[PDB]
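There is one chain below, alone, in structure tokens, taken in the form deposited in one PDB entry.
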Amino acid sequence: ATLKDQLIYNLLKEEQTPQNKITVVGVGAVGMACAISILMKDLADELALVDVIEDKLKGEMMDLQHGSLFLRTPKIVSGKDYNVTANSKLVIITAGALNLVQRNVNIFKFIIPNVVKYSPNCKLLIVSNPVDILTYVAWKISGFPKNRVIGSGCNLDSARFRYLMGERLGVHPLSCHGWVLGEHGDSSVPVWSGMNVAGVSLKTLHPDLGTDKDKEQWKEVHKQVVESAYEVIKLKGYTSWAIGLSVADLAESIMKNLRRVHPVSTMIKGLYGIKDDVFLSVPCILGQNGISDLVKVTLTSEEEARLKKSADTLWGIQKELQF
């Protein structure tokens, strides 16, 4: 017989559907950082990568496979074809190119039907920008119920905010609580009322917190969050590590059904006086069926107005998109 047959007696060949599979579509710096963080957190028993650039895709796959000794994910696959994504619990989209929106919409027109073909019951986690519009696009094309379409939204915005908060206060980010919500990016909203350490509201201690009458200009913290993005791009040409970690954290709650609360993009129709089909970030409960619940944050009139304004602009763009 072969060496393998001399060495190993087989009891059954009966291979099985992968039980905890995750796919990452798009193997740019963002997708691969998602891949590595997911791998080192032992969240999946199979990982699939998809891209249109065949060379890089094989390269990244092999590089990951070569680390198998140090991981606990026994099967890593990749391909142009979506048959490699079959039976994913979680499919994470990081692929992408106003005109930029239609191009990413056209990309999604190809990706989403393929993903849905091979993992009809998967959850979709959208990272591609602009994330709130593209979460809408993903939801529209897939036909999935809203709970199964999660946009990264303000997850990154909030993580950066809490890092910066932690810096100012001399406290680990984990113990510095604060929510950045609404539209991901430039137009996000820092909810000053919720900012606290150990349940001590900073706004209560300092009622001018985050206003232009704030002596300490905590507004700058939120502004630093947005400038940070442009700076990191200017400094190294892309962003990778932080988004990747943030995405793996969402994957963790979902894959392990933790029901933790995260700032992610979800259908916000019916809230804050919004009536259109737009996705915005609120704190959501994440688990095996995706977003099952959301927290009803009390917003001020000014905060509601910002959210409302974002929704109007997003719908303005969305209604003109060609599917």
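Each residue number is its position in the shown sequence, starting from 1. Throughout, rigid core stands for the largest set of C-alpha atoms superposing within 1.5 Å between the two forms.
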- After a rigid core fit, does 200-208 or 99-107 show more C-alpha displacement in 9 other deposited structures of this protein? 99-107
- Which is farther from the shown form in 9 other deposited structures of this protein in C-alpha RMS with the core fitted, 214-222 or 247-255? 214-222
- Query: Do any residues of the deposited sequence lie unmodelled between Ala97 and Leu98, and which range holds their number: none, 1 to 3, 4 to 9, or 10 or more?
  - Reply: 4 to 9
- Message: Tell me which stretch, 30-38 or 52-60, has the higher mean Cα B-factor listed in the entry.
- Response: 52-60
- Taking the mean of the C-alpha B-factors per stretch from the entry, tell me the winner out of 156-164 and 207-215. 207-215
- Can you tell me which of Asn129, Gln102, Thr135, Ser78 has the highest Cα temperature factor in the record? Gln102
- Note on the structure: So, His66's CA B-factor, relative to its chain, sits in which third? The lowest
- Would you please rank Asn114 by its C-alpha temperature factor against the other modelled residues of its chain and give the third it falls in: lowest, middle or highest? highest
- Message: Quick check for you: using the entry's CA B-factors within this chain, is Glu46 in the lowest, middle or highest third?
- Response: middle
- Ranked C-alpha temperature factor of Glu220 among modelled chain residues, by third: highest
- Message: Sorting by Cα B-factor within the chain, modelled residues only, which third would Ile274 end up in: lowest, middle or highest?
- Response: highest
